[PDB]
4 protein chains.
Amino acid sequence: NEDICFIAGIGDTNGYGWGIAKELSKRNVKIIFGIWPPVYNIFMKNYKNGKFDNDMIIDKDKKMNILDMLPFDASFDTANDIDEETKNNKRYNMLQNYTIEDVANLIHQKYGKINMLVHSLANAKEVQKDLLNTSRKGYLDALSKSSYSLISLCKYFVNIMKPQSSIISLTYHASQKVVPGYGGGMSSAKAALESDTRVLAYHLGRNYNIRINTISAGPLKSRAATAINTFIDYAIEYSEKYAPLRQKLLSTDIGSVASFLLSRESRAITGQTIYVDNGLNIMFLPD
Amino acid sequence: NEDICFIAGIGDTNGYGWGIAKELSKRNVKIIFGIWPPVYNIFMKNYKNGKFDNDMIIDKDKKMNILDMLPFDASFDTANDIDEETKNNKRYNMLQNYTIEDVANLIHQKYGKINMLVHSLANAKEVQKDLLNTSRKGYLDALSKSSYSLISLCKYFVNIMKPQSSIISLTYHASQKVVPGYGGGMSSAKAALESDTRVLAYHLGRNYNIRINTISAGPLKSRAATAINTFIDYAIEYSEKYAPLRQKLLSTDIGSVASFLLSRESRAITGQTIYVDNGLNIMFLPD
Amino acid sequence: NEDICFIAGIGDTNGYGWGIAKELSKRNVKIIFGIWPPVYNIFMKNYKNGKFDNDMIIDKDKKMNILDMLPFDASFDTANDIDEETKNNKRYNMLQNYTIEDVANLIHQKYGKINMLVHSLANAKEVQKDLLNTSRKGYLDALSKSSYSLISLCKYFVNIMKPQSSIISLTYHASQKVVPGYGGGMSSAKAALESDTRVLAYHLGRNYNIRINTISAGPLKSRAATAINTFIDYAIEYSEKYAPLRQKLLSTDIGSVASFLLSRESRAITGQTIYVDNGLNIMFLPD
Amino acid sequence: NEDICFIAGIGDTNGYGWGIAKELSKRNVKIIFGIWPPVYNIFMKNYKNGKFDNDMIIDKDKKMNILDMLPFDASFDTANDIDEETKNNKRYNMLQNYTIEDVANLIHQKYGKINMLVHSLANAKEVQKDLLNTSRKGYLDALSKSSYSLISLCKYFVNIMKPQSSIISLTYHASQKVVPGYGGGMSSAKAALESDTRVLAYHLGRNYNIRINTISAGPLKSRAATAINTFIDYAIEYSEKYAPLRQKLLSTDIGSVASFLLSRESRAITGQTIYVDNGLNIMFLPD
Ligand SMILES: NC(=O)c1ccc[n+]([C@@H]2O[C@H](COP(=O)([O-])OP(=O)(O)OC[C@H]3O[C@@H](n4cnc5c(N)ncnc54)[C@H](O)[C@@H]3O)[C@@H](O)[C@H]2O)c1
Ligand SMILES: NC(=O)c1ccc[n+]([C@@H]2O[C@H](COP(=O)([O-])OP(=O)(O)OC[C@H]3O[C@@H](n4cnc5c(N)ncnc54)[C@H](O)[C@@H]3O)[C@@H](O)[C@H]2O)c1
Ligand SMILES: NC(=O)c1ccc[n+]([C@@H]2O[C@H](COP(=O)([O-])OP(=O)(O)OC[C@H]3O[C@@H](n4cnc5c(N)ncnc54)[C@H](O)[C@@H]3O)[C@@H](O)[C@H]2O)c1
Ligand SMILES: NC(=O)c1ccc[n+]([C@@H]2O[C@H](COP(=O)([O-])OP(=O)(O)OC[C@H]3O[C@@H](n4cnc5c(N)ncnc54)[C@H](O)[C@@H]3O)[C@@H](O)[C@H]2O)c1
Ligand SMILES: OCc1ccc(Oc2ccc(Cl)cc2Cl)c(O)c1
Ligand SMILES: OCc1ccc(Oc2ccc(Cl)cc2Cl)c(O)c1
Ligand SMILES: OCc1ccc(Oc2ccc(Cl)cc2Cl)c(O)c1
Ligand SMILES: OCc1ccc(Oc2ccc(Cl)cc2Cl)c(O)c1
């Protein structure tokens, strides 16, 4: 009663953002979507057209309660940060107040203080090249959009959160062990993120009593996964064959964990990387 | 319903076992206590004399419910392991079916299959001596009671548990980083426990579809903690001053995490060490 | 006989770069210095003036053999990457061929193929602000100069290295555990670096048979350490008081390890973070 | 000179003990072998009959030098620990001073203080059974012989060692990640060993100025490796195909690392697990 969560990084219903939204809904948490401008209008259209009606069903009792849907770009911290090419762009020209500070302000102006924050987004222009062939521009882009965006989101959203609020992001084990196709500095971005989760936990915990953790998810066939070089088909087959738990990993499996970590039940957990991957991370040798 | 939990390692209401019991009770889980014979009688008398009535209060809306109390010694796998001296000992003479196998059979005969199992016990004859000064007997004692007991509980209880059951144990960071005062091969035992948790997640996940995880708890002033000599006041004071979250760590804080890991909501987590310690583990240098 | 090492990141003799140069010298490795342009001329002047003569003494037998000293800026991958403000800058206008590709070319043109590479440099414009107050520009700068620079150096220098060559960089435990004054995204930069060391180890090992590792050094009172917010005086006092080995950490302590990892003796070690810190990293609770 | 190393765990020339001996010999270190009584006689006869002559060749410039060969059983701390049956056993009846304390005293009486100590031994009665199926006796046997033996060697040998001495042992990644086939509580034992290495680095560093580290070696086809059942050919084949460095892992590869960690050149390293495994440990998914 009175819980609000902003979920940054929803493009459709096949990702972890949706799975997190669903499980939170089971707890009656009011959901707000942060949607990347290039895919905002298409998302809105699909929604209006009922494409997601089946995916919104929680069970016999209720449908997902989406409070709001807002364009959100993690590339830009403030209004001042947008360049001419973006201002003049087909998809952006028709929207506004989609930088991180603007979204924080706008949510606060519409619904007040919130208490749950979800970072569920990543990007890397050069993800299809291996680390050794990644440019400076490509590397920094991955860190900017996949790691720095977490820090920015915290800096701006903490002003509009209640004490004892909770924050999560999503990571991948490629930060810790070598995953060949996970290129473009995504492995690097994820390494920074897991470390940043610790440092942030210190500052937010001491200064605001706010917790932050990260979930290291197993493979899910989402939009962005399909962008990597079959990679995702391999990851999923391998996981289902060699993980300790031979079960299909679902986005709601991550969602049920996200929900717990965002609740008061996990009051004593902060700065952690929690693995939700059917135990795959524990294996050395495939058997 | 049909949720039954066996909690192995309860002697009073001051430890993590009680905190886990209270939190599980809040979710309507049936609780069965396994009590070490040296303190079983004192436990029962206190209970009967209503000495724990206060401690069983949940909401003031609700009160803890305990299905059964059973004598239990995690030193003994089967009846045939019990040495003549122990079986005739003043505190054991009067008790029956207290080995790991017998307690498994007993519970199964009385209530059928269970779906939740808690290892919440440790012991070490030589905990007061630092590692270098620990004898072979002392070290092996510590591993036998604090680590092997977990593997044995698993071997015998997996026959009385349903698929998708969950198992948790409790550990301490001294396994990964040096804590002077944590002697006797206790650090050794917790390191083995945390490694055995992975190995067992493999076997139990593939063969039985059963999860196992361990919680690395922060300092609580329990009965056993005081037996370390003072050490625990130091640990508590240090934790409350330097942890990211500066709040008093409660037994029920661990309880609610335990409860989550035991429920179906952590379906995709297995073989992990989950830290519930106000984030202290993430720190390097104090302030 | 015939070993050449390029050391990127020498400003004076109080850092780890110098300590590495010294120990390598003991093995008769030919040393080449990569010196950051802003401090190139001052370094050259001090050298010419004999300020380092005492610091170059190895022992009774010999003086350090410096093959060459070159301006080197890790901010720039190629000639194309330099902007007008830098081209027009007091200290830069008077030098050339100081981008990473130019240095690789120039060394190769002068001395041929080399077999030992050392990354011993970091920078972060906003190091004095905590992570939460660090800007995008500040964060990315730290990653650009402290982490991406390693990848670039490998991409360009592998063309001019022999099979079985070896590469190292320097890191700090702040990537793994929270160190309060280590701000500006340096903790983040170091986290990316340790992870990048793994990914690089894969690519360089499979494609070129080249090894790469990173040394996680304890505190040394160097130029850059003095830039952090007494921090370094605290770090050193604490380390000398609480590390398992109560001895002054010397730059040559790191140098002797760097030397081993750059030699054939460590033929089977790659992608590792090796701690050289008098064991400090193993402690949880100060005693 | 005055460098003397005791190597505990040698039965033939096919293990890591021999490889460590050869590498130490190359540095003019005096070698003393501690040989388990069940294979001591067979070892001596082979040696005397010149069966190891080939294996002792270093450069063809040089040949291994062995100061002494001693019967040694790491099961027994002192003479008073030896059970009547063992002392009268056919293979033990003829031997004397083979406990940890007696071998320490003996070496001290014969050669004075030593500065290098190698634990290169492990055993487990039930290694063929997976963890879940390991008995209490088997598990405790594995910890007693493979882990406790290290602590005991330390306690008794620290009296016959000089300050700035160094101690190494050998471990395997199955402590940290799951390796099916590594049964008997061997994984448990290696996890305890790796934790005890930190705890002992603390005590030994502060009280004696003595270092201790452990090497996590990749697969070598030793005598003991074949006793696991095949398991080791599998491990080797997997390692040579998937490791960053695709070259055959040799015993002397471990030897040279051991030699570095035992020398004064690793003065600032203590309590670490150093991986010498062609970088396999850093990988997540194969190709
Ligand atoms: N899918 C997997 O297998 C997997 C495994 C581990 C971790 N993850 C992580 O989970 C998170 C969610 O991704 P997903 O797997 O659900 O795929 P997804 O495509 O559903 O989610 C990624 C979202 O990030 C958004 N995004 C990209 N750039 C952005 C920017 N600059 N500003 C704002 N939004 C931007 C995209 O619109 C997209 O909706 C990611 O951080 C990913 O790294 C995914
Ligand atoms: N209290 C802390 O600070 C702390 C921190 C980390 C982990 N832990 C862990 O939590 C668990 C419980 O300890 P606690 O702190 O709650 O103290 P506690 O005394 O409340 O719990 C220990 C219980 O284990 C029982 N026990 C001991 N040996 C037994 C045997 N052979 N068979 C059956 N039962 C036996 C004892 O009777 C006792 O009731 C332990 O595993 C401990 O390692 C405690
Ligand atoms: N000193 C410590 O306590 C400590 C502890 C752990 C790690 N380290 C690491 O050791 C490495 C060496 O630093 P140090 O401690 O010897 O101090 P240092 O100042 O002697 O070395 C840092 C060098 O990096 C150079 N540099 C900065 N920006 C550069 C750029 N854009 N291009 C090229 N060079 C640039 C500087 O000129 C300087 O000489 C650093 O990576 C540091 O992070 C230091
Ligand atoms: N070979 C590998 O693949 C591998 C990989 C990682 C670690 N290791 C480790 O290396 C060490 C040596 O094993 P190895 O692979 O060289 O096989 P090995 O047979 O060459 O070494 C084992 C030696 O230990 C001796 N030993 C056993 N019990 C003893 C006791 N109670 N007292 C004294 N000596 C005893 C045996 O006689 C044998 O000579 C072990 O600790 C093992 O765990 C080996
Ligand atoms: O199965 C592993 C896996 C699949 C998808 C992932 O998400 C991304 C990967 C790359 C990029 Cl550019 C963006 C995103 Cl959202 C991910 O992190 C890990
Ligand atoms: O605050 C840290 C801490 C306190 C108590 C603990 O529990 C024990 C410690 C020693 C022994 Cl012999 C038995 C137990 Cl139950 C523990 O594991 C960690
Ligand atoms: O004692 C810990 C410590 C001291 C100095 C360090 O090096 C730097 C720190 C910050 C910046 Cl901007 C640049 C460099 Cl070279 C470092 O990494 C860690
Ligand atoms: O290739 C991995 C590997 C092979 C052999 C090993 O050594 C032993 C394994 C089991 C037992 Cl009973 C005794 C020893 Cl010496 C080991 O530790 C790891």
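Residues numbered from 1 in each chain as written, not as in the entry; some residues may be left out. Chains lettered and ligands numbered in written order. Heavy atoms only, no water. Residues with missing side-chain atoms left out of burial classes, pairs and counts.

For this coordinate set, the PDB header names X-ray crystallography as the determination method and states a resolution of 2.50 Å.

Remarks on the sheet that holds strand β3 (residues 66-71) of chain D
By definition, the strands of a sheet pair up through backbone hydrogen bonds, in either a parallel or an antiparallel sense. Residues and elements named next belong to chain D. Reading across the sheet, the 7 strands line up as β3-β2-β1-β4-β5-β6-β7 and stay open at both edges, with parallel pairing between neighbours. Edge positions in the sheet fall to β3 and β7 (273-276), since each of these pairs with one other strand and no more. Averaged over all neighbouring strand pairs, the angle between strand axes comes to 20°, with direction disregarded. By the bridge criterion, 4 bridges tie strand β6 (residues 211-217) to β7 in an arrangement that is parallel. By the bridge assignment for β7, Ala-217 is matched with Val-276. Here helix α4 (residues 100-111) sits on the sheet and contacts β1 (4-8), β2 (30-35), β3 and β4 (114-119); the angle it forms with β3, its principal contact strand, is near 150°. Against the sheet, helix α6 (residues 186-208) touches β5 (161-171), β6 and β7, its axis set at about 175° to β5. (Pairing = 2+ DSSP bridges. Helix = DSSP H or I, 4+ residues; strand = E, 2+ residues; numbered from the N terminus. Axes fitted to C-alpha atoms, helices over the stretch in contact; angles between N-to-C directions. Contact = heavy atoms within 4.5 Å.)

Side note on the relation of the copies chain A and chain B
In the superposition of chain A on chain B (RMSD 0.5 Å, axial shift 0.0 Å), the rotation amounts to 179°. Considering both components of the superposition, the chain copies are consistent with a two-fold axis. (Least-squares fit on C-alpha atoms.)

Observations regarding the site of ligand 6
All names here are of chain B. Close to ligand 6 lie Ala-122, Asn-123, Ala-124, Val-127, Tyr-172, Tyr-182, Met-186, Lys-190, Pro-219, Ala-224, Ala-225 and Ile-228, which account for all nearby residues. Here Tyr-182 contributes a side-chain N or O atom positioned 2.5 Å from an oxygen atom of ligand 6. Here ligand 6 has 450 Å² of accessible area as a free molecule, and 85% of this is covered by the chains. Where the shell around ligand 6 is concerned, the elements lending two or more residues are α6 (186-208) and α7 (223-226). For the shell around ligand 6, the class distribution of residues is 10 nonpolar, 1 polar and 1 charged. (Near = heavy atom within 4 Å. Polar contact = N/O pair within 3.5 Å; in protein donor to acceptor, adjacent residues only side chain to side chain. Areas by Shrake-Rupley, 256 points an atom, 1.4 Å probe, with all protein chains shown as cover. Nonpolar A, V, L, I, M, F, W, Y, C, P; charged D, E, K, R; others polar.)

Details of the pairing of β5 of chain D
Residues and elements named next belong to chain D. Within β5, 8 of the 11 residues are buried, which leaves it mostly tucked inside the rest of the structure. Looking at chain direction, β4 and β5 are connected through 5 bridges and run parallel. Pairing of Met-116 across the sheet is with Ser-166, part of β5. Handedness of the β4-helix α5 (residues 136-157)-β5 crossover: right-handed. (Buried < 20%, exposed > 50% of the residue type's maximum accessible area, 1.4 Å probe, protein only. Right-handed = clockwise from strand over helix to strand, strands pointing away.)

A few points about the side chain of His-203 of chain A
With respect to the secondary-structure elements, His-203 of chain A resides in helix α7 (residues 186-208). Beyond its immediate chain neighbours, meaning those up to four positions away, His-203 of chain A contacts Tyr-208 of chain A together with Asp-130, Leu-131 and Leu-132 of chain C.

Some points on the relation of the copies chain C and chain B
Overlaying chain C on chain B yields an RMSD of 0.5 Å, the required transformation being a rotation through 179° with an accompanying axial translation of 0.1 Å. Taken together, the interface assignments show that 100% of the residues at the interface of chain C recur at the interface of chain B, consistent with an identical surface on both copies.

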